[PDB]
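S.K.: Below you will find the structure I want to go over with you.
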Amino acid sequence: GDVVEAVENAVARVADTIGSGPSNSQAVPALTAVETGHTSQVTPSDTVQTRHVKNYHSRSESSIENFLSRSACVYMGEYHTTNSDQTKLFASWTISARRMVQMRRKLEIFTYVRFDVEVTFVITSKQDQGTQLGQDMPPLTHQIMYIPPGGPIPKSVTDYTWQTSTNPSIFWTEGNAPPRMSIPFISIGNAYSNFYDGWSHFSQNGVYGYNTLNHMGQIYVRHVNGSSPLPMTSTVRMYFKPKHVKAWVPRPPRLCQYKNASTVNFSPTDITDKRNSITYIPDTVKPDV
Amino acid sequence: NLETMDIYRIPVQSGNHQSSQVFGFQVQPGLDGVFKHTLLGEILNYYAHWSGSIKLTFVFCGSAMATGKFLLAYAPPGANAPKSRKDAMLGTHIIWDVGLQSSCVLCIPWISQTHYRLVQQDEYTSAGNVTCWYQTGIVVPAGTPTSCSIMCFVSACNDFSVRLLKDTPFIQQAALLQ
Amino acid sequence: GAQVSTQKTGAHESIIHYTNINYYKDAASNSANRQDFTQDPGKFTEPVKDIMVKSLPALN
Amino acid sequence: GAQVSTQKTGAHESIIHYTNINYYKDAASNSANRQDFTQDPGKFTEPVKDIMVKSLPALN
Amino acid sequence: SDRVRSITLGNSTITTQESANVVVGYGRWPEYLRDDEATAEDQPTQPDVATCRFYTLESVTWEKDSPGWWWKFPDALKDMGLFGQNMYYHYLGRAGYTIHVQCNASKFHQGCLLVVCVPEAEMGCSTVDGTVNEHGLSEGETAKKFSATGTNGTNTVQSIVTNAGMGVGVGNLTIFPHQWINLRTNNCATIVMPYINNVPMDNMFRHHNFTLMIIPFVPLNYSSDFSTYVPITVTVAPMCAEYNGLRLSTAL
Amino acid sequence: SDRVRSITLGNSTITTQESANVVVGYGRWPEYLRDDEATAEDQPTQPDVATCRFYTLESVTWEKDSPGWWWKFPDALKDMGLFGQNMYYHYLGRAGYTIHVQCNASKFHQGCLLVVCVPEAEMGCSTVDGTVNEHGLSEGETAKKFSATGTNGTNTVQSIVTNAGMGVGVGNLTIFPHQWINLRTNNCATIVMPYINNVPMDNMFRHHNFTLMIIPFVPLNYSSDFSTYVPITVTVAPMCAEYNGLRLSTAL
Ligand SMILES: NCCCCCCCCCCCC(=O)O
């Protein structure tokens, strides 16, 4: 069907257990050759006598759409209402889903993915700690601005650049529902690439990996009231919920912890946990030993 | 063996070792070390419920001149792990004859009081164990290695499904620039 | 110009459907396709040319 | 694709109905079935094989 | 008359010349598990006659001051012939039962017993912040005894009849399948219970599907009635027993 | 190839990559007792899967000078799960069997075993004017051993292989259902035996319906073949087991 539509029937039922009786033949379903690279299609009924079971179990929650389509925090940063640093008056990062692991490991199960994204922002502010704490600051209004690669970059909370005549921006005031919007599949290519065993330069050097393929611009966020007698500080959290998904060439789930955002680097890590012996099976069922 | 290719090799050998059990492990696909980091296991860990039959394929990697029969048994819960071949053969099992077909499939049929089991398994949702025994030792001609390895593969059958999405215990971080 | 389709069935073995209307000009704005359930394990579990009947030897 | 059914009757012995449309994809999201009124006391008050006519003795 | 009645299961038959009726579950006769209700995939064993027949448990004595008695159920029949053997060898089991409580006295005796099958009779501890024992719960055949006063002791069930070990009003136990044995009119009680649980099958050692309680509400009494010995006997017969998940036998 | 073969009974499956054929009784597949052949009138129990499955007996070692081995049959499976339990609880029983003898070696080993099922293998005593023991006849699983010379002793079977404990020419045991295991070509033997007796049913403790004998005719041999250990394993599966005359369990 069309993977852009918000409706589409059909139950995802698993297989019924076919009733099976005794057998004496040359059929040898339980004997295969794993060398071929084929995974055996044996079901219980091929190796034991089974009853018939009408199975209603469905695989609805393990569909790629339902697995990825849940908002995940992919970034968080702070900025102050007032400070001497100018820089600390606004936040900015470079769009990517590589800075928070949960989301990253989920995506990295697939080599390529294509999708629209529902972005939701959760912004909070707190009054900074100090000796004098009394003030009456009106509601804070924030501005989130997206700068596609190549656009002029803000240099202060009051730069002309925040005019957003063309960059898309969101103005939001505290106390209301978190801001939200959909972004289409924005790639230069036919699918976003999660891994790239390649370089940026033709001479097989330059930058290696995911980074050379990125370049989706950055986000800048600042307060608009711009002031507060006493210092305050806000935290902006951004969430991604992919929707209308397509994925290709699955790969094993990341086993070693991530070391940084630009690389696939890792330290050698254990295949799994140890146990006492290759025959160790704990004894449950005892008058409690 | 946690960081060496051995963790994947089940040792088996020529000579009299019948009393000696070849291996055994609990059937907790999303929880026990034997399974949790498996393709099936990693997937189960993103969910809280599972149900279905499981396929265990065993492949013999000795020389072609090697010979032998093994007993692969699965015991549903309720008793402790069989401690002898006598006890093990009273449950679900295949007798595997090593031959040109290098591999044998032990399918673990879904037998449970409930339609689903917790991936984070408890005694209430116990699934039993599978153990393996020499059915008739490994015989070999002269000039060939007297010991070899058997490998074991796992995969879900077509009656398998999972429910109730949750985060994996397996990945974490102490700070951003992740 | 709306669409009516069925709901995922809950707590029991006509009022089991919902209606939806799209209010935006871009497909990106639409909700997720949580109801599409296709499947093709074959790409991965059995990518062998020469069909393996498996009830037969597999070698020989 | 909506449903119209009747309201529970109030303060008096056509405008006595309401309309409803489901906006969610899961049956769990629907409102309660406050209008279903079946009943079967028998399971409990009379679970005897051998029908007791009671206008007759019940023993004898 | 309809007081007369006979019942046959396997190689066993029961008779009464003074029955009331026969109570049937919540109106449901036992049935074997249907394909559209099953999860365990292996072929079941259905021993039939070897298993679905009348087993008689050890009798109890009704004394002028007996508070009552109880039995937990799948456990209690665990040593009864092949029904018990099939229990030991399988992980899952399912059965219904015909329960026949017998108690005869004389036209000059009086007393009244409530005979109830309580599904899922989770019991409370004597020691309020402690927990019970399997022993405080059941002793297989034999039978635990209710008590006329509050009990103490760690692990034992708080058994004052008045609260039926469950924290309710004993006189409300009638929402459960039951019959009364009023000596002046009746000499036995028969209840057919269907399998009741929130899963299609279950383990028979780990879960007491239901408890049988015999509680005298009007006490035994008589005169120079050279019969002071008035026993009560419980006979039960599994119905439609089926088992799944065969393996080695469970550890006693 | 037709060397490949699989068999499934109950929750158990056997496989071979080097079979000969499969021998069937005297051409007769096991069947359940028919109404026009029955005398015992009570309803039978037919446990089916719980009972008709593969039980593996304790293995034996084939040595360069092993004379042979034997097992008596309904007895021998008397402690095998529910098949054995049903034996203890019933007066009458009836069953057929799939017998699967396993023995693998190597293309550099040699030897040849005769595998036979002898119906009604009444055995003779060592002490010519004495009588045998049940012990001299069978030891359940395990297995009695034939001998290369004449034996003595009261109660033991005169077991010189040469006369098969029956007073005949061992080399004539072929009129009985059998297969050979010739190591150079074959690694197992499969015989399906139907119930054979002069009465429709019988007691399973008192009567050994048939004896399984494994007698090497050409002895085991090999060279620096770092494999001197060559075991033989017997797996058997009751077929169509049915039982009659249920009562308390028999005294061990
Ligand atoms: N104001 C929001 C700007 C959003 C642009 C988001 C582009 C997200 C692309 C998702 C990329 C994930 C990947 O590399 O797989």
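Chain labels follow the order of the structure tokens: the first chain is A, the next B, and so on; residue numbering restarts at 1 in every chain, and ligands are counted from 1 in their shown order.
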Please write out the residues within 6 Å of ligand 1 as number ranges by chain, counting only C-alpha atoms and all ligand atoms.
M.R.: A: 96-97, 146, 183, 192, 194
S.K.: When you get a sec, could you note down which chain E residues fall within 6 Å of chain D, using only C-alpha atoms, as a PyMOL selection string?
M.R.: chain E and resi 22-24+26-27
S.K.: Residue 64 of chain A: which residues within 9 Å, counting only C-alpha atoms, same-chain residues fewer than 4 positions away excluded, as a VMD selection string?
M.R.: (chain A and resid 68 to 69 245 to 247) or (chain C and resid 34)
S.K.: List every residue of segment 171-214 of chain E that DSSP, applied to the backbone of this structure, places in strand (DSSP E or B), and write the result as a VMD selection string.
M.R.: chain E and resid 178 to 182 188 to 193 202 210 to 214
S.K.: Select all residues from chain B having any atom no more than 6 Å from an atom of chain A (counting only C-alpha atoms, ignoring ligands), output as a PyMOL selection string.
M.R.: chain B and resi 2-3+23-25+33+80+101-105+107+109+158-159+161+176-178
S.K.: Next, the residues of the selection above should be written as an mmCIF file, in the first residue's frame with N, CA, C and O atoms.
M.R.:
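So the final result, stored in again_20.cif, reads:
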```
data_model
loop_
_atom_site.group_PDB
_atom_site.id
_atom_site.type_symbol
_atom_site.label_atom_id
_atom_site.label_comp_id
_atom_site.auth_asym_id
_atom_site.auth_seq_id
_atom_site.Cartn_x
_atom_site.Cartn_y
_atom_site.Cartn_z
ATOM 1 N N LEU B 2 33.966 -15.063 27.875
ATOM 2 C CA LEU B 2 33.149 -13.923 27.508
ATOM 3 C C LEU B 2 33.624 -13.062 26.360
ATOM 4 O O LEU B 2 32.822 -12.304 25.811
ATOM 5 N N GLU B 3 34.905 -13.155 25.985
ATOM 6 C CA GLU B 3 35.377 -12.376 24.832
ATOM 7 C C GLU B 3 36.203 -13.147 23.853
ATOM 8 O O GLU B 3 37.140 -12.609 23.261
ATOM 9 N N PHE B 23 25.331 -30.392 27.710
ATOM 10 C CA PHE B 23 25.045 -29.001 28.087
ATOM 11 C C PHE B 23 23.582 -28.923 28.550
ATOM 12 O O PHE B 23 22.845 -29.917 28.504
ATOM 13 N N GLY B 24 23.173 -27.753 29.019
ATOM 14 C CA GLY B 24 21.807 -27.560 29.470
ATOM 15 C C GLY B 24 21.648 -26.076 29.722
ATOM 16 O O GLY B 24 22.634 -25.378 29.989
ATOM 17 N N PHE B 25 20.431 -25.564 29.604
ATOM 18 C CA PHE B 25 20.211 -24.155 29.867
ATOM 19 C C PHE B 25 18.742 -23.914 30.013
ATOM 20 O O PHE B 25 17.936 -24.716 29.546
ATOM 21 N N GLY B 33 21.562 -15.186 30.220
ATOM 22 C CA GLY B 33 22.722 -14.833 29.414
ATOM 23 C C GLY B 33 22.855 -15.588 28.104
ATOM 24 O O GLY B 33 23.305 -15.039 27.086
ATOM 25 N N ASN B 80 12.794 -30.247 38.635
ATOM 26 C CA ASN B 80 14.115 -29.697 38.409
ATOM 27 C C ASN B 80 14.667 -30.329 37.171
ATOM 28 O O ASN B 80 14.161 -31.350 36.710
ATOM 29 N N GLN B 101 23.594 -34.558 6.636
ATOM 30 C CA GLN B 101 22.754 -33.448 7.103
ATOM 31 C C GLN B 101 23.464 -33.075 8.403
ATOM 32 O O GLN B 101 23.295 -33.727 9.445
ATOM 33 N N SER B 102 24.277 -32.039 8.321
ATOM 34 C CA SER B 102 25.065 -31.581 9.449
ATOM 35 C C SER B 102 24.252 -31.013 10.614
ATOM 36 O O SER B 102 24.722 -30.982 11.752
ATOM 37 N N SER B 103 23.043 -30.548 10.322
ATOM 38 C CA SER B 103 22.209 -29.905 11.329
ATOM 39 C C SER B 103 20.924 -30.612 11.736
ATOM 40 O O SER B 103 20.315 -31.327 10.943
ATOM 41 N N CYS B 104 20.509 -30.393 12.981
ATOM 42 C CA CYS B 104 19.285 -30.982 13.501
ATOM 43 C C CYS B 104 18.515 -29.906 14.262
ATOM 44 O O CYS B 104 19.113 -29.123 14.994
ATOM 45 N N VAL B 105 17.193 -29.881 14.091
ATOM 46 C CA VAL B 105 16.340 -28.888 14.722
ATOM 47 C C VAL B 105 15.482 -29.400 15.872
ATOM 48 O O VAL B 105 14.639 -30.281 15.688
ATOM 49 N N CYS B 107 12.661 -28.259 18.134
ATOM 50 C CA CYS B 107 11.684 -27.207 18.187
ATOM 51 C C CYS B 107 11.032 -27.258 19.574
ATOM 52 O O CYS B 107 10.604 -28.327 20.020
ATOM 53 N N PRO B 109 7.985 -26.472 21.454
ATOM 54 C CA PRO B 109 6.584 -26.064 21.309
ATOM 55 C C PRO B 109 6.110 -25.223 22.473
ATOM 56 O O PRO B 109 6.568 -25.395 23.602
ATOM 57 N N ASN B 158 6.817 -19.485 13.437
ATOM 58 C CA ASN B 158 5.784 -18.584 12.941
ATOM 59 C C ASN B 158 4.564 -18.363 13.836
ATOM 60 O O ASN B 158 3.577 -17.772 13.386
ATOM 61 N N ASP B 159 4.596 -18.840 15.078
ATOM 62 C CA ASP B 159 3.457 -18.631 15.968
ATOM 63 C C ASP B 159 3.879 -17.633 17.070
ATOM 64 O O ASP B 159 3.113 -17.344 18.029
ATOM 65 N N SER B 161 5.062 -14.006 18.781
ATOM 66 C CA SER B 161 4.730 -12.579 18.754
ATOM 67 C C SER B 161 5.170 -11.947 20.073
ATOM 68 O O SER B 161 5.504 -12.654 21.025
ATOM 69 N N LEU B 176 25.339 13.692 27.654
ATOM 70 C CA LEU B 176 25.069 13.946 26.247
ATOM 71 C C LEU B 176 26.306 13.713 25.323
ATOM 72 O O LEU B 176 27.219 13.013 25.728
ATOM 73 N N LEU B 177 26.339 14.352 24.123
ATOM 74 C CA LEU B 177 27.363 14.222 23.019
ATOM 75 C C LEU B 177 27.559 12.764 23.029
ATOM 76 O O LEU B 177 28.648 12.308 22.698
ATOM 77 N N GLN B 178 26.473 12.088 23.455
ATOM 78 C CA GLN B 178 26.256 10.632 23.646
ATOM 79 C C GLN B 178 27.306 9.675 23.179
ATOM 80 O O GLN B 178 27.078 8.981 22.161
#
```
S.K.: Set the distance at 12 Å and use only C-alpha atoms: which residues neighbour residue 17 of chain C once local chain neighbours fewer than 2 positions away are removed? I'd like the list as a compact mmCIF listing (two decimals) with N, CA, C and O atoms, in the first residue's frame.
M.R.:
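part_1.txt, freshly written:
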```txt
# COMPACT_ATOMS: atom_id res chain seq x y z
N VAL A 7 -4.51 5.40 8.04
CA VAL A 7 -5.60 4.37 8.09
C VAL A 7 -5.25 3.20 7.08
O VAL A 7 -4.69 3.48 6.00
N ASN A 9 -6.75 -1.29 7.10
CA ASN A 9 -7.16 -2.62 7.68
C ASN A 9 -6.22 -3.87 7.62
O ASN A 9 -5.06 -3.78 7.19
N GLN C 3 -12.83 9.45 6.03
CA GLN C 3 -12.60 8.01 5.96
C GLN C 3 -12.95 7.31 7.26
O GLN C 3 -12.65 7.79 8.36
N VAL C 4 -13.61 6.18 7.10
CA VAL C 4 -14.00 5.37 8.23
C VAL C 4 -13.31 4.02 8.08
O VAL C 4 -13.34 3.40 6.99
N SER C 5 -12.65 3.60 9.15
CA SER C 5 -11.99 2.30 9.13
C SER C 5 -12.16 1.74 10.53
O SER C 5 -12.63 2.45 11.42
N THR C 6 -11.80 0.48 10.73
CA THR C 6 -12.00 -0.17 12.02
C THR C 6 -10.95 0.08 13.07
O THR C 6 -9.79 0.39 12.77
N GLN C 7 -11.37 -0.06 14.32
CA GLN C 7 -10.49 0.14 15.47
C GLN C 7 -9.78 -1.17 15.80
O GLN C 7 -10.25 -2.24 15.39
N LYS C 8 -8.67 -1.10 16.53
CA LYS C 8 -7.97 -2.32 16.94
C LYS C 8 -8.89 -2.87 18.03
O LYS C 8 -9.34 -2.14 18.92
N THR C 9 -9.20 -4.15 17.94
CA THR C 9 -10.08 -4.74 18.91
C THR C 9 -9.53 -4.88 20.36
O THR C 9 -8.39 -5.36 20.57
N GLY C 10 -10.37 -4.49 21.33
CA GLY C 10 -10.03 -4.54 22.76
C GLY C 10 -10.88 -5.49 23.64
O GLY C 10 -11.64 -6.31 23.09
N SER C 14 -19.69 -2.94 14.64
CA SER C 14 -20.38 -1.64 14.29
C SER C 14 -19.85 -0.36 15.05
O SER C 14 -19.56 0.67 14.41
N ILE C 15 -19.75 -0.43 16.38
CA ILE C 15 -19.23 0.71 17.15
C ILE C 15 -17.72 0.43 17.32
O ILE C 15 -17.03 1.04 18.15
N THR C 19 -13.76 7.53 12.78
CA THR C 19 -13.74 8.27 11.56
C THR C 19 -12.59 9.29 11.62
O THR C 19 -12.16 9.71 12.70
N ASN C 20 -12.00 9.59 10.47
CA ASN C 20 -10.90 10.56 10.43
C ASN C 20 -11.02 11.52 9.24
O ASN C 20 -11.52 11.12 8.19
N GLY D 1 -18.53 8.79 9.97
CA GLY D 1 -19.41 7.57 9.98
C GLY D 1 -19.81 7.45 11.44
O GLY D 1 -19.16 6.77 12.26
N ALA D 2 -20.89 8.13 11.77
CA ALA D 2 -21.40 8.21 13.14
C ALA D 2 -22.58 7.33 13.56
O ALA D 2 -23.28 6.74 12.73
N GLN D 3 -22.81 7.27 14.87
CA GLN D 3 -23.90 6.48 15.43
C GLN D 3 -24.83 7.32 16.29
O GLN D 3 -24.40 8.17 17.08
N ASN D 20 -22.79 10.14 18.37
CA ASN D 20 -21.40 9.94 18.77
C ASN D 20 -20.51 9.54 17.59
O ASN D 20 -20.98 8.87 16.67
N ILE D 21 -19.24 9.99 17.60
CA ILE D 21 -18.25 9.63 16.57
C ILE D 21 -16.99 9.27 17.36
O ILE D 21 -16.63 9.95 18.33
N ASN D 22 -16.33 8.18 16.96
CA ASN D 22 -15.10 7.74 17.62
C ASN D 22 -13.92 8.35 16.90
O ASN D 22 -13.79 8.21 15.67
N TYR D 23 -13.03 8.99 17.65
CA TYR D 23 -11.92 9.65 17.03
C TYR D 23 -10.60 8.91 17.14
O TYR D 23 -9.62 9.35 16.53
N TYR D 24 -10.58 7.81 17.90
CA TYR D 24 -9.32 7.07 18.14
C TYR D 24 -9.18 5.71 17.47
O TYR D 24 -10.19 5.07 17.15
N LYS D 25 -7.94 5.26 17.29
CA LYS D 25 -7.74 4.00 16.58
C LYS D 25 -7.88 2.74 17.40
O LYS D 25 -7.89 1.65 16.82
N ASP D 26 -7.99 2.87 18.72
CA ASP D 26 -8.10 1.71 19.62
C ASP D 26 -9.42 1.65 20.36
O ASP D 26 -9.89 2.65 20.89
N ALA D 27 -10.02 0.47 20.45
CA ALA D 27 -11.29 0.37 21.17
C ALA D 27 -11.16 0.82 22.64
O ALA D 27 -12.12 1.30 23.26
N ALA D 28 -9.95 0.68 23.19
CA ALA D 28 -9.75 1.07 24.57
C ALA D 28 -10.06 2.56 24.79
O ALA D 28 -10.51 2.98 25.87
N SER D 29 -9.85 3.35 23.75
CA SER D 29 -10.11 4.77 23.88
C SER D 29 -11.60 5.10 23.97
O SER D 29 -11.97 6.17 24.46
N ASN D 30 -12.47 4.20 23.52
CA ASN D 30 -13.90 4.53 23.56
C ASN D 30 -14.46 4.76 24.95
O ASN D 30 -13.85 4.37 25.96
```
S.K.: Would you kindly return, as a ChimeraX atom specification, each protein, DNA or RNA residue with an atom no farther than 9 Å from any atom of residue 200 of chain A, considering only C-alpha atoms and excluding same-chain residues fewer than 6 positions away?
M.R.: /A:206-209,211-213
S.K.: Can you check which residues of chain B have any atom within 12 Å of chain E? Use only C-alpha atoms and format it as a short mmCIF file (atom, residue, chain, number, x, y, z; two decimals) with N, CA, C and O atoms, in the first residue's frame.
M.R.:
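Saved the output as out.cif:
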```cif
data_model
loop_
_atom_site.label_atom_id
_atom_site.label_comp_id
_atom_site.auth_asym_id
_atom_site.auth_seq_id
_atom_site.Cartn_x
_atom_site.Cartn_y
_atom_site.Cartn_z
N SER B 51 5.35 -14.80 23.35
CA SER B 51 4.61 -16.05 23.19
C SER B 51 5.01 -16.71 21.87
O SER B 51 5.21 -16.03 20.86
N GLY B 52 5.13 -18.04 21.88
CA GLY B 52 5.48 -18.72 20.66
C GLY B 52 6.47 -19.85 20.79
O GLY B 52 7.08 -20.06 21.85
N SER B 53 6.63 -20.59 19.70
CA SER B 53 7.55 -21.70 19.70
C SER B 53 8.88 -21.21 19.23
O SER B 53 8.98 -20.24 18.46
N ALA B 73 16.75 -32.85 24.60
CA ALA B 73 15.48 -32.84 25.35
C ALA B 73 15.05 -31.52 25.91
O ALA B 73 15.86 -30.73 26.40
N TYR B 74 13.74 -31.31 25.89
CA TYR B 74 13.15 -30.12 26.44
C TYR B 74 12.15 -30.59 27.49
O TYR B 74 11.29 -31.43 27.20
N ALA B 75 12.27 -30.04 28.69
CA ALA B 75 11.40 -30.38 29.79
C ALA B 75 10.53 -29.20 30.19
O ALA B 75 11.04 -28.15 30.54
N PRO B 76 9.19 -29.34 30.11
CA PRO B 76 8.37 -28.19 30.52
C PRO B 76 8.57 -28.03 32.04
O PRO B 76 8.95 -28.99 32.74
N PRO B 77 8.30 -26.83 32.59
CA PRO B 77 8.47 -26.57 34.02
C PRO B 77 7.75 -27.48 35.00
O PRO B 77 6.94 -28.32 34.60
N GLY B 78 8.08 -27.34 36.29
CA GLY B 78 7.43 -28.15 37.30
C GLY B 78 8.31 -29.12 38.05
O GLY B 78 7.93 -29.65 39.09
N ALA B 79 9.50 -29.38 37.52
CA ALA B 79 10.42 -30.29 38.18
C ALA B 79 11.79 -29.71 37.98
O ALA B 79 11.96 -28.76 37.23
N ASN B 80 12.79 -30.25 38.63
CA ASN B 80 14.12 -29.70 38.41
C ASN B 80 14.67 -30.33 37.17
O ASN B 80 14.16 -31.35 36.71
N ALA B 81 15.72 -29.73 36.65
CA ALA B 81 16.37 -30.18 35.43
C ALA B 81 16.72 -31.66 35.48
O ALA B 81 17.23 -32.14 36.50
N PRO B 82 16.42 -32.40 34.39
CA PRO B 82 16.76 -33.82 34.43
C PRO B 82 18.22 -33.96 34.81
O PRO B 82 19.05 -33.18 34.37
N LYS B 83 18.53 -34.93 35.66
CA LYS B 83 19.91 -35.15 36.06
C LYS B 83 20.57 -36.37 35.38
O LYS B 83 21.72 -36.69 35.66
N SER B 84 19.85 -37.02 34.48
CA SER B 84 20.36 -38.19 33.78
C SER B 84 19.65 -38.33 32.44
O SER B 84 18.58 -37.74 32.24
N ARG B 85 20.21 -39.12 31.53
CA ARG B 85 19.53 -39.27 30.27
C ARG B 85 18.15 -39.92 30.51
O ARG B 85 17.17 -39.57 29.84
N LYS B 86 18.06 -40.83 31.48
CA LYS B 86 16.79 -41.53 31.78
C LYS B 86 15.71 -40.49 32.02
O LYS B 86 14.65 -40.54 31.41
N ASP B 87 15.99 -39.54 32.90
CA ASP B 87 15.01 -38.52 33.21
C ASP B 87 14.70 -37.56 32.08
O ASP B 87 13.58 -37.03 31.95
N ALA B 88 15.71 -37.30 31.26
CA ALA B 88 15.52 -36.35 30.21
C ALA B 88 14.68 -36.92 29.09
O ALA B 88 13.87 -36.20 28.51
N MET B 89 14.83 -38.20 28.80
CA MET B 89 14.07 -38.73 27.70
C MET B 89 12.58 -38.87 27.97
O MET B 89 11.82 -39.25 27.07
N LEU B 90 12.16 -38.56 29.20
CA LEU B 90 10.72 -38.64 29.52
C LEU B 90 9.98 -37.42 29.03
O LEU B 90 8.75 -37.40 29.09
N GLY B 91 10.73 -36.39 28.61
CA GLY B 91 10.13 -35.18 28.08
C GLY B 91 10.21 -35.09 26.56
O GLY B 91 10.47 -36.09 25.89
N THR B 92 9.99 -33.90 25.99
CA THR B 92 10.01 -33.70 24.55
C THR B 92 11.44 -33.83 24.09
O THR B 92 12.32 -33.23 24.69
N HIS B 93 11.70 -34.61 23.03
CA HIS B 93 13.07 -34.78 22.55
C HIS B 93 13.22 -35.36 21.14
O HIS B 93 12.28 -35.94 20.63
N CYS B 107 12.66 -28.26 18.13
CA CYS B 107 11.68 -27.21 18.19
C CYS B 107 11.03 -27.26 19.57
O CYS B 107 10.60 -28.33 20.02
N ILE B 108 10.98 -26.12 20.26
CA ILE B 108 10.39 -26.04 21.59
C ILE B 108 8.95 -25.54 21.46
O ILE B 108 8.68 -24.34 21.35
N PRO B 109 7.98 -26.47 21.45
CA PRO B 109 6.58 -26.06 21.31
C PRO B 109 6.11 -25.22 22.47
O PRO B 109 6.57 -25.40 23.60
N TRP B 110 5.20 -24.30 22.20
CA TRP B 110 4.69 -23.44 23.24
C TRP B 110 3.74 -24.22 24.13
O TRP B 110 2.66 -24.67 23.70
N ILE B 111 4.15 -24.42 25.38
CA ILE B 111 3.35 -25.13 26.38
C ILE B 111 3.35 -24.19 27.58
O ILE B 111 4.38 -24.01 28.23
N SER B 112 2.21 -23.59 27.89
CA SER B 112 2.17 -22.65 29.02
C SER B 112 0.77 -22.51 29.59
O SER B 112 -0.22 -22.71 28.86
N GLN B 113 0.64 -22.16 30.87
CA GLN B 113 -0.71 -22.00 31.40
C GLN B 113 -1.30 -20.74 30.78
O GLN B 113 -2.48 -20.72 30.44
N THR B 114 -0.47 -19.72 30.61
CA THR B 114 -0.89 -18.44 30.03
C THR B 114 -0.52 -18.29 28.54
O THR B 114 0.40 -18.96 28.03
N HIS B 115 -1.23 -17.39 27.84
CA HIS B 115 -0.98 -17.14 26.43
C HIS B 115 0.35 -16.43 26.24
O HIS B 115 0.94 -16.49 25.16
N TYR B 116 0.81 -15.75 27.29
CA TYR B 116 2.05 -15.00 27.23
C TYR B 116 2.95 -15.18 28.44
O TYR B 116 2.48 -15.52 29.51
N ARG B 117 4.24 -14.92 28.28
CA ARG B 117 5.17 -15.02 29.40
C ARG B 117 5.88 -13.67 29.49
O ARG B 117 5.95 -12.96 28.47
N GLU B 123 9.19 -17.08 38.10
CA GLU B 123 8.87 -18.49 38.24
C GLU B 123 7.45 -18.75 37.75
O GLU B 123 7.18 -19.79 37.15
N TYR B 124 6.56 -17.78 37.96
CA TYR B 124 5.20 -17.94 37.51
C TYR B 124 5.12 -18.18 35.99
O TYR B 124 4.25 -18.94 35.51
N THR B 125 6.01 -17.55 35.22
CA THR B 125 6.01 -17.74 33.77
C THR B 125 7.22 -18.57 33.29
O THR B 125 7.79 -18.35 32.21
N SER B 126 7.59 -19.54 34.11
CA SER B 126 8.69 -20.42 33.81
C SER B 126 8.46 -21.16 32.50
O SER B 126 7.31 -21.45 32.14
N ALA B 127 9.52 -21.50 31.78
CA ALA B 127 9.30 -22.22 30.53
C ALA B 127 10.05 -23.54 30.44
O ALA B 127 9.97 -24.24 29.42
N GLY B 128 10.77 -23.91 31.50
CA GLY B 128 11.51 -25.16 31.46
C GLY B 128 12.95 -25.06 30.94
O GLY B 128 13.49 -23.97 30.76
N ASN B 129 13.56 -26.21 30.66
CA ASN B 129 14.95 -26.27 30.21
C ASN B 129 15.18 -27.26 29.07
O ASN B 129 14.32 -28.13 28.81
N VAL B 130 16.33 -27.13 28.40
CA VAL B 130 16.66 -28.11 27.38
C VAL B 130 18.05 -28.59 27.80
O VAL B 130 18.87 -27.81 28.30
N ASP B 159 4.60 -18.84 15.08
CA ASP B 159 3.46 -18.63 15.97
C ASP B 159 3.88 -17.63 17.07
O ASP B 159 3.11 -17.34 18.03
N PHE B 160 5.07 -17.06 16.86
CA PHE B 160 5.72 -16.13 17.79
C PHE B 160 5.32 -14.67 17.66
O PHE B 160 5.26 -14.14 16.56
#
```
S.K.: List the spatial neighbours of residue 15 of chain E as a PyMOL selection string - criterion: any atom at most 12 Å away, only C-alpha atoms, same-chain residues fewer than 3 positions off excluded.
M.R.: chain E and resi 3-8+12+18-19+100-102+187-190+235
S.K.: Would you mind writing down, as a list in words, each residue of segment 42-127 of chain E that DSSP on the backbone assigns to alpha helix (DSSP H)?
M.R.: residues 81, 82, 83, 84, 85, 86, 87, 88 and 89 of chain E
S.K.: Name all residues at most 9 Å from residue 16 of chain B (count only C-alpha atoms; drop same-chain ones fewer than 6 positions away) and give them as a count of residues only.
M.R.: 5
S.K.: Given only C-alpha atoms as the basis, pick out the residue of F:164, F:181, F:123, F:82 nearest to residue 216 of chain F.
M.R.: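 Distance minimum relative to residue 216 of chain F lands on F:181.
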